[PDB]
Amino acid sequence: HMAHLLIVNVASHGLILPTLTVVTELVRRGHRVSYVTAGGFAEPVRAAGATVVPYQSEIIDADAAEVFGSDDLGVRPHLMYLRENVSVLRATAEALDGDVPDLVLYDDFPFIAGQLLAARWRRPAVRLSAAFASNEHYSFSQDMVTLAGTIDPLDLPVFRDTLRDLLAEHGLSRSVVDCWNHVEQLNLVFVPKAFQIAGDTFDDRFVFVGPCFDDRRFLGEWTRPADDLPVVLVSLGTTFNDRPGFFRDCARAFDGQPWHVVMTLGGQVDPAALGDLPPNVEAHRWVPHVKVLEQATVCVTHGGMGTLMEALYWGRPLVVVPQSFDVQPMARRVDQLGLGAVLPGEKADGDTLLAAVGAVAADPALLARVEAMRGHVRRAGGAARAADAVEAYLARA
């Protein structure tokens, strides 16, 4: 049974955090795990039991708002995406050509490097999805392309040509379009099937294990106040979070109000830049959302899948304030399932947020649906089921 498992991934919070417990459970079962990452993420990855395979990352330093704002076609993001994939591919082949893994597990983002390594080494592969899974019916990629307003990457000759030669030099007998729309034989999705868009269309190639998490001390620590105010998490995530005005207006509206607000900035905005905060309002660069959500009454989030799932794991009603294309599908789905109030873009000013937080906290119908979804999240199976699926896949392969 014992195997050398490689996890191909890139330098991003949302993509890495869900995988940590899974790494640990596998190491516990006596498997060896190599994990591709960069920079500061190396530390938590090792602590989870994995051997780190460093690659030079471009996204880890990038500002997504700026990248997608650079040109009006998205040429810059498209080509950065390829480079990040290529950087990952080269580093991993270098490190592991001599220590070839039995299984290649790759996140959605580096799926090109994922397929290429699996083919180069003649190994089975597993795709990991930290957001919505994609199949022949629903494509999360297309959804994001359309919502982002960029050109279709395959309508970009230079992108298409690069990818083409990349497959060519690697002898992969697969066309660009088929490579791009490749559905792997096994998929681990960190979402409950009930939340997945078009969930019922997903067959046995997909295992919906939902979220799985530790205390995540590496994100700092947190304890609720010694008072009786209901706690409210407020976060714009880690990606499109350069929004001082938003956090300031939030603190202002909640000033003197019957809530305790915990705001997380995600490494972008400086807490000081907010000015003086009401006594019932905290501001941090980082605190574990799981620890706040355990004590929380309401979760205000832009719609990052991690935060949504950590929130629904505790059955907290939602106020989703999407400020960008990458979370529009998550927010749309929460709205569809009636799991919270959605305040898109400009709508999410402080006063509107104050009312929404109050509304969802006291909506009995909404609360029922949130408690039911919590159920689905709990049944998902998390890390243990992921590992079970992996080991069963190994047995077949």
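Just count from 1 along the sequence shown to find any residue number.
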item	value
Per the entry, higher mean C-alpha B factor between 264 to 272 and 127 to 135	264 to 272
318 to 326 set against 84 to 92, stretch whose average Cα temperature factor tops the other in the entry	84 to 92
Among 108, 200, 310, 102 - the residue whose C-alpha B-factor is largest in the record	102
Per the PDB entry, maximal CA B factor within 210, 306, 256, 245	256
Third assignment of residue 214 from its chain's C-alpha B-factors	highest
B-factor third for the C-alpha atom of residue 335 within its chain	lowest
B-factor third for the C-alpha atom of residue 223 within its chain	highest
Residue 143 - Cα temperature factor, lowest/middle/highest third of chain	lowest
For residue 279, the third of its chain into which the C-alpha B factor falls	middle
